[PDB]
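I have placed the structure first, in the form of C-alpha cells, so that the comments after it can refer back to it.
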Amino acid sequence: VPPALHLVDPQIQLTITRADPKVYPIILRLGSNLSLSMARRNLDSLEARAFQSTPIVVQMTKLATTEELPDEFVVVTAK
Amino acid sequence: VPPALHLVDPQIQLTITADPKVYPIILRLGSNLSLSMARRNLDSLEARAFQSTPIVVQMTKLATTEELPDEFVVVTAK
Ligand SMILES: CCCCCCCCCC
C-alpha cells in the first residue's frame, strides 16, 4: 500500500532561505514513522540531561484528494 | 549500528506561529530520508499534476554536542 499523503498543519512548516522568503507546508510520504522533539541546553544544572528533549505533537492530516493541496509545498519522501 | 547526529543547515529549518520562530534541524536518521518540493501543473494536463523537484539537503554530521544551538528540533528518524 502506497504511503498515503499526510498534510502537516500550517502550524509547522519548513523554511528554506535566500533573500528571506519561503515557508512551505509539509507533506509526508511516511513509510517509516517519524518522531519529532524539541531540545534545549541544560544551563542550570550538571547532573540533569545535557539537553532537554520535549517530544513534539504533529497534528498532520491524512489526505484523500489532491485538490486539498496548495500549488507549492515540500514533500518529505519518508525514504 | 548508529544513529549519529546530523545538523541540517540554517538554509532549512522548522517553524512555529505569529511572532514565533524557527528551529534548525537534527536528524537521528534511521532510514535516510528524501525531501522534495512539489508544485501544481496548472498550465498542462499530460505531465504530472505536480512538479516534484527533489531538494538538496546540505546537512552536516556532528562530532561534538558542543556544535549545537541552544534550542532546536530533532527528527528521530525511525
Ligand atoms: C513527524 C514530523 C516530521 C517533520 C520533519 C521533517 C524534517 C525534514 C526531513 C527531510
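In the C-alpha cells, chains take letters A, B, ... by order of appearance, with residues numbered from 1 within each chain and ligands from 1 in the order shown.
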Nearby residues, ligand 1, 6 Å, only C-alpha atoms and all ligand atoms, as a PyMOL selection string: (chain A and resi 34-36+58+76) or (chain B and resi 33-35+75)
At a cut-off of 6 Å, can you tabulate as a Markdown table every residue of chain B near chain A together with its closest atom pair and the distance in Å to one decimal, using only C-alpha atoms and ordering rows by chain then number?
| residue | atom | partner | partner_atom | distance |
| --- | --- | --- | --- | --- |
| B:11 | CA | A:17 | CA | 4.9 |
| B:12 | CA | A:16 | CA | 4.7 |
| B:13 | CA | A:15 | CA | 5.3 |
| B:14 | CA | A:14 | CA | 4.8 |
| B:15 | CA | A:13 | CA | 5.4 |
| B:16 | CA | A:12 | CA | 5.5 |
| B:33 | CA | A:79 | CA | 4.4 |
| B:34 | CA | A:77 | CA | 4.8 |
| B:35 | CA | A:76 | CA | 4.4 |
| B:36 | CA | A:75 | CA | 4.7 |
| B:37 | CA | A:74 | CA | 4.3 |
| B:38 | CA | A:72 | CA | 5.4 |
| B:39 | CA | A:72 | CA | 4.3 |
| B:40 | CA | A:71 | CA | 4.7 |
| B:70 | CA | A:41 | CA | 5.2 |
| B:71 | CA | A:40 | CA | 4.5 |
| B:72 | CA | A:39 | CA | 5.3 |
| B:73 | CA | A:38 | CA | 4.5 |
| B:74 | CA | A:37 | CA | 5.2 |
| B:75 | CA | A:36 | CA | 4.6 |
| B:76 | CA | A:35 | CA | 4.8 |
| B:77 | CA | A:34 | CA | 5.2 |
| B:78 | CA | A:34 | CA | 5.7 |
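Atom CA of residue 58 of chain B sits 15.5 Å away from atom CA of residue 4 of chain B.
Nearest residue to residue 64 of chain B among B:29, B:18, B:42, B:5 is B:5, counting only C-alpha atoms.
For the pair atom CA of residue 68 of chain A and atom CA of residue 22 of chain B, the separation is 25.6 Å.
Across A:4, A:48, A:9, A:20, the tightest approach to residue 62 of chain A is made by A:4 when counting only C-alpha atoms.
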Gap from atom CA of residue 5 of chain A to atom CA of residue 43 of chain B - Å, one decimal: 23.5 Å
Surrounding residues of residue 7 of chain B excluding itself and chain neighbours under 4 positions, 7 Å, only C-alpha atoms, as JSON, numbers by chain: {"B": [25, 26, 27, 59, 60, 61, 62]}
In chain A, DSSP strand (DSSP E) residues written as a PyMOL selection string: chain A and resi 6-8+13-16+23-24+26-28+34-41+51-55+61-62+72-77
